[PDB]
Amino acid sequence: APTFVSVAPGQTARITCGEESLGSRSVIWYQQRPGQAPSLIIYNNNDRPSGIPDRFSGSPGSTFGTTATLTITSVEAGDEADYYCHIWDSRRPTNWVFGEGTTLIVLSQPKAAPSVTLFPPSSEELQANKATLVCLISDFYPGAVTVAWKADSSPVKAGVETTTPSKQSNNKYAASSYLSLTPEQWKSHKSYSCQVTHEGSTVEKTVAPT
Amino acid sequence: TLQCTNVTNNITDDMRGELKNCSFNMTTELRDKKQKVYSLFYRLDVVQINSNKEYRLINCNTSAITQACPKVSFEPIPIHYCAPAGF
Amino acid sequence: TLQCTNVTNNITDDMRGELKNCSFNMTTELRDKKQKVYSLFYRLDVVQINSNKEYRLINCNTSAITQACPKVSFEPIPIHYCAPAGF
Amino acid sequence: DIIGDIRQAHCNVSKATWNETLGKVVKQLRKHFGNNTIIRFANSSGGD
Amino acid sequence: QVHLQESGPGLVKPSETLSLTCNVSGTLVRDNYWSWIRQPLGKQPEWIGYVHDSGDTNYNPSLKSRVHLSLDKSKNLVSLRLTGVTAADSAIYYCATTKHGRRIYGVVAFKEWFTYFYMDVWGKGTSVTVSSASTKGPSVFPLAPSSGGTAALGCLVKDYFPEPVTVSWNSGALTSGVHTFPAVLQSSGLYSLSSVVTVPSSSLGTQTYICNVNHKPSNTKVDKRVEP
Ligand SMILES: *[C@@H]1O[C@H](CO)[C@@H](O[C@@H]2O[C@H](CO)[C@@H](O[C@@H]3O[C@H](CO[C@H]4O[C@H](CO[C@H]5O[C@H](CO)[C@@H](O)[C@H](O)[C@@H]5O)[C@@H](O)[C@H](O[C@H]5O[C@H](CO)[C@@H](O)[C@H](O)[C@@H]5O[C@H]5O[C@H](CO)[C@@H](O)[C@H](O)[C@@H]5O)[C@@H]4O)[C@@H](O)[C@H](O[C@H]4O[C@H](CO)[C@@H](O)[C@H](O)[C@@H]4O[C@H]4O[C@H](CO)[C@@H](O)[C@H](O)[C@@H]4O[C@H]4O[C@H](CO)[C@@H](O)[C@H](O)[C@@H]4O)[C@@H]3O)[C@H](O)[C@H]2NC(C)=O)[C@H](O)[C@H]1NC(C)=O
Ligand SMILES: *[C@@H]1O[C@H](CO)[C@@H](O[C@@H]2O[C@H](CO)[C@@H](O[C@@H]3O[C@H](CO[C@H]4O[C@H](CO[C@H]5O[C@H](CO)[C@@H](O)[C@H](O)[C@@H]5O[C@H]5O[C@H](CO)[C@@H](O)[C@H](O)[C@@H]5O)[C@@H](O)[C@H](O[C@H]5O[C@H](CO)[C@@H](O)[C@H](O)[C@@H]5O)[C@@H]4O)[C@@H](O)[C@H](O[C@H]4O[C@H](CO)[C@@H](O)[C@H](O)[C@@H]4O[C@H]4O[C@H](CO)[C@@H](O)[C@H](O)[C@@H]4O)[C@@H]3O)[C@H](O)[C@H]2NC(C)=O)[C@H](O)[C@H]1NC(C)=O
Ligand SMILES: *[C@@H]1O[C@H](CO)[C@@H](O[C@@H]2O[C@H](CO)[C@@H](O[C@@H]3O[C@H](CO[C@H]4O[C@H](CO)[C@@H](O)[C@H](O[C@H]5O[C@H](CO)[C@@H](O)[C@H](O)[C@@H]5O)[C@@H]4O)[C@@H](O)[C@H](O[C@H]4O[C@H](CO)[C@@H](O)[C@H](O)[C@@H]4O[C@H]4O[C@H](CO)[C@@H](O)[C@H](O)[C@@H]4O[C@H]4O[C@H](CO)[C@@H](O)[C@H](O)[C@@H]4O)[C@@H]3O)[C@H](O)[C@H]2NC(C)=O)[C@H](O)[C@H]1NC(C)=O
Ligand SMILES: *[C@@H]1O[C@H](CO)[C@@H](O[C@@H]2O[C@H](CO)[C@@H](O[C@@H]3O[C@H](CO[C@H]4O[C@H](CO)[C@@H](O)[C@H](O[C@H]5O[C@H](CO)[C@@H](O)[C@H](O)[C@@H]5O)[C@@H]4O)[C@@H](O)[C@H](O[C@H]4O[C@H](CO)[C@@H](O)[C@H](O)[C@@H]4O[C@H]4O[C@H](CO)[C@@H](O)[C@H](O)[C@@H]4O[C@H]4O[C@H](CO)[C@@H](O)[C@H](O)[C@@H]4O)[C@@H]3O)[C@H](O)[C@H]2NC(C)=O)[C@H](O)[C@H]1NC(C)=O
Ligand SMILES: *[C@@H]1O[C@H](CO)[C@@H](O[C@@H]2O[C@H](CO)[C@@H](O[C@@H]3O[C@H](CO[C@H]4O[C@H](CO)[C@@H](O)[C@H](O[C@H]5O[C@H](CO)[C@@H](O)[C@H](O)[C@@H]5O)[C@@H]4O)[C@@H](O)[C@H](O[C@H]4O[C@H](CO)[C@@H](O)[C@H](O)[C@@H]4O[C@H]4O[C@H](CO)[C@@H](O)[C@H](O)[C@@H]4O)[C@@H]3O)[C@H](O)[C@H]2NC(C)=O)[C@H](O)[C@H]1NC(C)=O
Ligand SMILES: *[C@@H]1O[C@H](CO)[C@@H](O[C@@H]2O[C@H](CO)[C@@H](O[C@@H]3O[C@H](CO[C@H]4O[C@H](CO[C@H]5O[C@H](CO)[C@@H](O)[C@H](O)[C@@H]5O)[C@@H](O)[C@H](O[C@H]5O[C@H](CO)[C@@H](O)[C@H](O)[C@@H]5O)[C@@H]4O)[C@@H](O)[C@H](O[C@H]4O[C@H](CO)[C@@H](O)[C@H](O)[C@@H]4O)[C@@H]3O)[C@H](O)[C@H]2NC(C)=O)[C@H](O)[C@H]1NC(C)=O
Ligand SMILES: *[C@@H]1O[C@H](CO)[C@@H](O[C@@H]2O[C@H](CO)[C@@H](O[C@@H]3O[C@H](CO)[C@@H](O)[C@H](O[C@H]4O[C@H](CO)[C@@H](O)[C@H](O)[C@@H]4O)[C@@H]3O)[C@H](O)[C@H]2NC(C)=O)[C@H](O)[C@H]1NC(C)=O
Ligand SMILES: *[C@@H]1O[C@H](CO)[C@@H](O)[C@H](O)[C@H]1NC(C)=O
């Protein structure tokens with residue numbers, strides 16, 4: 001079900017949405033920038049207000065038995081986002097839910113490895129008969145990491161909670177990883193470790209107890 | 001006996017439907033068989049027969065019906081009425 | 001829709017059957033009834049319609065059909081084309 | 001199938017010329033019904 | 001200048017009355033036409049309904065009776081009221097000025113046209129959870145700065161429900177360098193999050209380093225100082 005469109009930078013992408021046309025329509029188009037709100041980019045079938053430049057071409061409402069298309073020209077990194085369309089067919093009734101999304105993804109982005117920063121359990125937390133260490137995985141393209149933990153040499157399975165790679169607004173993904181221990185077993189060991197695995201590279205971060 | 005509905009449309013309630021989409025058992029090239037097939041008719045070319053909404057072609061009780069050959073034309077072309085001789 | 005077979009014969013496989021024995025529901029003198037009756041047709045006068053081997057008269061999709069009166073003759077008899085007067 | 005919008009059959013005439021030509025028939029009509037006469041136009045009474 | 005800001009409770013029990021409001025700026029309610037859009041997790045947005053003075057206030061048929069839009073002339077804010085709330089209603093809600101128009105394909109007198117609105121300016125968003133689970137404010141134990149040149153610092157929020165929470169450093173003064181991470185749900189139902197800043201070797205102090213958090217559903221404002 002989730003549809004994707006991919007092109008090289010500086011090219012012209014083309015994106016379609018919604019049911020096939022019956023009568024003359026007006027079609028509204030939007031852009032959901034991951035995190036941010038949906039932004040109106042085209043109001044008439046090909047009319048653009050201020051803040052949005054050309055060319056975000058579109059299908060004119062004058063055609064029938066046709067699909068509704070949105071043509072991005074001269075793409076850039078910023079153009080990467082989800083898109084939606086609103087249909088108003090002279091023949092079909094008022095569409096009360098924006099047509100299914102079609103997420104754009106330009107090519108050859110910055111191949112970039114993460115910025116892991118492993119913090120230890122803070123003194124306040126340890127005092128509360130609870131203990132967690134956290135490694136924070138930042139700025140990595142693409143967002144497909146797999147993180148293991150190790151009680152020194154031996155791996156760790158239990159307690160490990162992990163997020164899902166999420167694209168922050170800047171061309172970057174972000175993810176975290178946790179584990180629940182007791183203060184007395186955190187101090188007992190020599191060094192716990194957070195081993196992230198990128199596309200190829202595996203970076204290690206390892207904190208020892210005071 | 002046609003079985004008709006309204007045409008695909010989103011018009012205001014006041015505006016009545018004048019294009020009825022009618023499906024019906026029609027005859028085949030072979031006496032053996034039949035065929036359900038649909039056509040579109042104007043409201044004036046049909047009458048409600050009687051919770052199905054079924055209709056009939058309006059001529060069915062008044063007269064018979066014969067389809068004009070499309071290979072003919074209705075254009076009015078100028079005629080001259082010429083007299084015989086000695087007229 | 002005819003239901004046809006081959007004619008009673010013992011010919012070599014190479015020799016195709018050109019006489020198809022066809023049985024079919026035909027109409028009766030009365031609208032009420034019907035009658036399964038058989039006739040023989042040439043392979044050229046029928047087409048395979050589609051584990052029954054059923055056929056149809058070839059005209060059924062191209063044109064209608066009208067049986068020549070046997071009380072008529074096809075013999076070509078000599079005609080003369082005579083002119084009017086002053087011709 | 002109906003390809004495109006579902007619209008309504010109609011005819012257009014110039015309101016200007018209809019005004020003009022309906023004025024001509026009135027000028028002629030008063031020759032039969034009197035110079036000081038009202039001649040208005042109404043739609044069909046009823047029938048087929 | 002014109003801008004919008006939505007607000008809400010953040011959490012609703014099954015079969016209750018959802019209520020939302022949207023701050024306005026620059027232009028006022030009478031002047032424009034207002035609309036709401038809700039967007040469930042990982043799905044396309046659903047147009048809720050529209051509202052304007054003079055009774056031009058028709059709604060989504062799929063939502064039907066339980067929705068009631070309204071207004072507030074004097075206070076100048078858009079309003080919303082939804083009854084019979086369920087799991088399906090869990091979404092990030094939006095308020096927006098809708099702008100109408102006319103699309104014509106035939107004769108206008110024959111009424112061969114339609115009215116089409118689009119929504120030009122949105123707000124930030126309104127995260128609205130709905131679960132029979134009770135709210136819980138955050139616990140905070142800040143991450144001490146350790147693992148010249150450059151250095152790194154953090155602020156951990158341990159356990160809460162439901163999302164979201166804002167984290168401003170020094171009440172919003174400290175802004176550059178913040179790479180605050182998104183939350184993570186535990187098996188208990190609780191979320192957890194963590195904020196971090198980058199700070200160079202010039203960090204002796206004593207400096208005013210605090211990560212002021214705000215958990216509105218449980219009116220919790222725990223702001224802890226952090227130093228080596
Ligand atoms: C009997 O008598 C009756 C009654 O007299 C008569 O009924 C009439 O029938 C005709 C057709 O049969 C029908 O025409 C339609 O009119 C639609 C409305 O047009 C009017 O409004 C628009 C927009 O108004 C805005 O601006 C106003 C301020 O000016 C404002 O007040 C409004 O609120 C609104 O915001 C306006 O643009 C039109 O003006 C154009 O025409 C003037 C004529 O004098 C001309 O002077 C203007 O300069 C202006 O010209 C522009 O537009 C034309 C369009 O052809 C271009 O060619 C020019 O270069 C200029 O850009 C009117 O005031 C109109 O929308 C319909 O056309 C669209 O819809 C049909 C639907 O199928 C399509 O097939 C068309 O192709 C066209 O679709 C384009 O436009 C829409 C909307 O913009 C887009 O969504 C489409 O994607 C598509 O856009 C693409 O192409 C265009 C260029 O074609 C391009 O601009 C786009 O960027 C994109 O590339 C259609 O023309 C009329 O309504 C109806 N009633 C009346 C009262 O006239 C019967 O016909 C008679 N019958 C007989 C037998 O005699
Ligand atoms: C007057 O009344 C008339 C009726 O009396 C009316 O005529 C009928 O109108 C309906 C529409 O309302 C027509 O039905 C359409 O048929 C299209 C062709 O179907 C093709 O695919 C079939 C198999 O594929 C099925 O399964 C796939 C999954 O594997 C799906 O992805 C497919 O979409 C499709 O699912 C649909 O069809 C199933 C039946 O197979 C059905 O159970 C299911 O629920 C779903 O509806 C093939 O069997 C079929 O092959 C037959 O037909 C072709 C000619 O079409 C012949 O050549 C073959 O020999 C064979 O006989 C076709 O290959 C459908 O595409 C269409 O469904 C679309 O719309 C629905 C809407 O919800 C979507 O859910 C669905 O996914 C389809 O969307 C896709 O296509 C559209 C259009 O391209 C596109 O916009 C969209 O994005 C997506 O790609 C629909 O079922 C029916 O054929 C008409 N009959 C006649 C005789 O004309 C007439 O319109 C009325 N007129 C007026 C003016 O009112
Ligand atoms: C083109 O030609 C097409 C073919 O001729 C034609 O399509 C046919 O259309 C007719 C009418 O619409 C269809 O008849 C109906 O079929 C319904 C479907 O049921 C079928 O499938 C069932 C399984 O799901 C079977 O169980 C069922 O057969 C069983 O029931 C029989 C009942 O007597 C029984 O004798 C059989 O042995 C067998 O056990 C059948 O095969 C069927 O449900 C329907 O019956 C009622 O329900 C309909 C709605 O579903 C109603 O519309 C209909 O009116 C029936 O209600 C009757 O009973 C009520 C309670 O007593 C009464 O109040 C009602 O007034 C009504 O009574 C009338 O109908 C009785 C029929 O049972 C009749 O006995 C009474 O005297 C009285 O007249 C009904 O049988 C048929 O199935 C279609 N065939 C095909 C192949 O599609 C099409 O319409 C033509 N036109 C076009 C445009 O295509
Ligand atoms: C001239 O007009 C004549 C009269 O119209 C015509 O003669 C008729 O020809 C048809 C077709 O050849 C005959 O239909 C067949 O009859 C077979 C004999 O069964 C009869 O006797 C049985 C007792 O021995 C009864 O049990 C039986 O009735 C029972 O079964 C019914 C089944 O639905 C049931 O509803 C009844 O209530 C009752 O309980 C019947 O009275 C019969 O066996 C046959 O069914 C299958 O088997 C045939 C071979 O014997 C196959 O050729 C045929 O294709 C059938 O297989 C079906 O099922 C398979 C498994 O599901 C499918 O894979 C097949 O594709 C096929 O499915 C099609 O057929 C279904 C019919 O059941 C149909 O429902 C499906 O939708 C699908 O279309 C079949 O019913 C009829 O009996 C003849 N009548 C007379 C009076 O002779 C003659 O052909 C015309 N032409 C000429 C030149 O004379
Ligand atoms: C029932 O139907 C009949 C017809 O079926 C109707 O009658 C018609 O009415 C229209 C107007 O309503 C008449 O059109 C007029 O044509 C004039 C002559 O144009 C030609 O000459 C000029 C040079 O002077 C050429 O440039 C033109 O060609 C250009 O335009 C066509 C499209 O029109 C293009 O396809 C070409 O490629 C060219 O670009 C023609 O050959 C014309 O003067 C007139 O008005 C024009 O000028 C005024 C300014 O005075 C403009 O405001 C207006 O917009 C027109 O502008 C056109 O022409 C200029 C040049 O003059 C171009 O630069 C423009 O781009 C624009 O094209 C008007 O267009 C038509 O002749 C007439 N037909 C008949 C048979 O009577 C009835 O009204 C109708 N009745 C009812 C009751 O429904
Ligand atoms: C699919 O079909 C459905 C059918 O259900 C359809 O939905 C309906 O849409 C219509 C249109 O939105 C709804 O109808 C009304 O809308 C009113 C909005 O006000 C408009 O109309 C004003 C008066 O119109 C006059 O002129 C037009 C021609 O222009 C003519 O047709 C009218 O009959 C009338 O004579 C108009 O003034 C107004 O403002 C415009 O014009 C002024 C200048 O005059 C300008 O300054 C403005 O900027 C603007 O351009 C505007 O155009 C609305 O008020 C009305 O509600 C009242 O009545 C109900 C009772 O019926 C009261 O309960 C309510 O409180 C209000 O008093 C009504 O809503 C209709 O309601 C929709 N139907 C449903 C069920 O919601 C879809 O659009 C169709 N979709 C597609 C794609 O085809
Ligand atoms: C930006 O938005 C904020 C928050 O939305 C907004 O604050 C408003 O503050 C006023 C207080 O001055 C709030 O007023 C209350 O609202 C509730 C909810 O509707 C009412 O129930 C309250 O009492 C009413 O009902 C009682 C029932 O018995 C009556 O007795 C009583 O007289 C009242 O009628 C009370 O009105 C208000 O809810 C918020 N929010 C809004 C949207 O008004 C702030 O003003 C906005 N602007 C700025 C610049 O911050
Ligand atoms: C009507 O009066 C006009 C006045 O100019 C005159 O020319 C005309 O002949 C009169 N017609 C009749 C029938 O009286």
# chains A, B, ... in the order shown; residues from 1 in each chain; ligands from 1

call {"tool": "residues_around", "arguments": {"residues": "residue 193 of chain E", "least_positions_apart": "5", "cutoff": "9 Å", "atoms": "only C-alpha atoms", "output": "list in words"}}
result
residues 176 of chain A; 155, 156, 157, 158, 159, 165, 180, 181, 182, 183 and 184 of chain E

call {"tool": "residues_around", "arguments": {"residues": "segment 187-192 of chain E", "least_positions_apart": "4", "cutoff": "12 Å", "atoms": "only C-alpha atoms", "output": "MDAnalysis selection string"}}
result
(chainID A and resid 132 134 159:163 176:179) or (chainID E and resid 131:141 155:165 180:183)

call {"tool": "atom_distance", "arguments": {"atom1": "atom CA of residue 152 of chain E", "atom2": "atom CA of residue 177 of chain E"}}
result
9.6 Å

call {"tool": "residues_near_ligand", "arguments": {"ligand": "ligand 4", "cutoff": "12 Å", "atoms": "only C-alpha atoms and all ligand atoms", "output": "PyMOL selection string"}}
result
(chain B and resi 31-33) or (chain C and resi 1-5+21-27+33-39+51-56)

call {"tool": "residues_around", "arguments": {"residues": "residue 40 of chain D", "least_positions_apart": "3", "cutoff": "12 Å", "atoms": "only C-alpha atoms", "output": "list in words"}}
result
residues 22, 23, 25, 26, 29, 30, 37 and 43 of chain D

call {"tool": "write_last_selection", "arguments": {"atoms": "C-alpha atoms", "output": "compact mmCIF listing (two decimals), in the first residue's frame"}}
result
# COMPACT_ATOMS: atom_id res chain seq x y z
CA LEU D 22 -40.61 41.25 -31.29
CA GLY D 23 -40.97 44.99 -31.67
CA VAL D 25 -44.34 42.10 -35.01
CA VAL D 26 -46.07 44.48 -32.61
CA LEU D 29 -50.06 43.62 -35.17
CA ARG D 30 -51.51 47.02 -34.18
CA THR D 37 -53.60 48.59 -27.76
CA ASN D 43 -46.07 30.91 -22.99

call {"tool": "residues_around", "arguments": {"residues": "segment 3-11 of chain D", "least_positions_apart": "4", "cutoff": "8 Å", "atoms": "only C-alpha atoms", "output": "short mmCIF file (atom, residue, chain, number, x, y, z; two decimals) with N, CA, C and O atoms, in the first residue's frame"}}
result
data_model
loop_
_atom_site.label_atom_id
_atom_site.label_comp_id
_atom_site.auth_asym_id
_atom_site.auth_seq_id
_atom_site.Cartn_x
_atom_site.Cartn_y
_atom_site.Cartn_z
N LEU A 22 -13.82 11.64 -13.71
CA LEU A 22 -15.13 11.45 -14.34
C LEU A 22 -15.54 12.70 -15.11
O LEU A 22 -15.60 12.70 -16.35
N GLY A 23 -15.85 13.76 -14.37
CA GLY A 23 -16.13 15.06 -14.95
C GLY A 23 -14.98 16.02 -14.68
O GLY A 23 -13.93 15.61 -14.18
N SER A 24 -15.17 17.29 -15.01
CA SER A 24 -14.16 18.30 -14.74
C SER A 24 -14.02 18.50 -13.23
O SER A 24 -15.01 18.57 -12.51
N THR A 63 -9.63 17.34 -18.15
CA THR A 63 -9.57 16.02 -18.77
C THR A 63 -10.43 14.97 -18.06
O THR A 63 -10.70 15.08 -16.86
N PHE A 64 -10.84 13.95 -18.81
CA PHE A 64 -11.73 12.92 -18.30
C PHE A 64 -11.22 11.52 -18.63
O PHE A 64 -10.66 11.29 -19.70
N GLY A 65 -11.43 10.59 -17.70
CA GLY A 65 -10.88 9.26 -17.83
C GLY A 65 -9.38 9.30 -17.60
O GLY A 65 -8.64 8.43 -18.05
N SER A 90 -17.19 17.00 -10.57
CA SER A 90 -18.54 17.49 -10.84
C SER A 90 -19.56 16.36 -10.74
O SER A 90 -20.74 16.60 -10.47
N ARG A 91 -19.10 15.13 -10.96
CA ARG A 91 -19.97 13.97 -10.96
C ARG A 91 -20.01 13.24 -9.62
O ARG A 91 -21.07 12.78 -9.20
N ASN B 9 -23.88 10.82 -10.89
CA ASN B 9 -23.99 12.27 -10.79
C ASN B 9 -24.07 12.77 -9.34
O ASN B 9 -24.52 12.04 -8.45
N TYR E 105 -18.01 24.45 -15.36
CA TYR E 105 -17.82 23.56 -16.50
C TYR E 105 -18.95 23.68 -17.52
O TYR E 105 -18.84 23.20 -18.65
N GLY E 106 -20.04 24.32 -17.11
CA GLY E 106 -21.19 24.51 -17.98
C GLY E 106 -21.78 25.90 -17.81
O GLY E 106 -21.04 26.87 -17.65
N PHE E 110 -27.78 27.29 -15.16
CA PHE E 110 -28.21 25.90 -15.09
C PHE E 110 -27.69 25.24 -13.82
O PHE E 110 -27.99 24.08 -13.56
N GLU E 112 -24.46 24.63 -13.16
CA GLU E 112 -23.50 23.62 -13.58
C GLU E 112 -22.10 24.03 -13.13
O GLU E 112 -21.24 24.37 -13.94
#

call {"tool": "residues_near_ligand", "arguments": {"ligand": "ligand 6", "cutoff": "7 Å", "atoms": "only C-alpha atoms and all ligand atoms", "output": "list in words"}}
result
residues 88, 89, 90, 91, 92, 93 and 94 of chain A; 10, 11 and 12 of chain B; 54, 55, 56, 57, 58, 111, 114 and 115 of chain E

call {"tool": "write_last_selection", "arguments": {"atoms": "C-alpha atoms", "output": "JSON list (two decimals), in the first residue's frame"}}
result
[["chain", "number", "residue", "atom", "x", "y", "z"],
["A", 88, "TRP", "CA", -13.71, 17.69, -6.37],
["A", 89, "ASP", "CA", -15.45, 15.93, -9.25],
["A", 90, "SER", "CA", -18.54, 17.49, -10.84],
["A", 91, "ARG", "CA", -19.97, 13.97, -10.96],
["A", 92, "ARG", "CA", -18.79, 12.43, -7.68],
["A", 93, "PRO", "CA", -19.64, 13.82, -4.20],
["A", 94, "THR", "CA", -17.46, 15.81, -1.78],
["B", 10, "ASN", "CA", -23.79, 14.66, -7.83],
["B", 11, "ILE", "CA", -26.56, 17.18, -8.45],
["B", 12, "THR", "CA", -28.77, 19.13, -6.06],
["E", 54, "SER", "CA", -24.38, 33.04, 9.06],
["E", 55, "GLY", "CA", -24.86, 29.29, 9.49],
["E", 56, "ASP", "CA", -22.45, 28.13, 6.79],
["E", 57, "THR", "CA", -21.38, 25.26, 9.03],
["E", 58, "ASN", "CA", -21.74, 21.83, 7.38],
["E", 111, "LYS", "CA", -26.27, 25.53, -11.84],
["E", 114, "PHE", "CA", -19.51, 23.51, -7.65],
["E", 115, "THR", "CA", -18.05, 25.20, -4.59]]
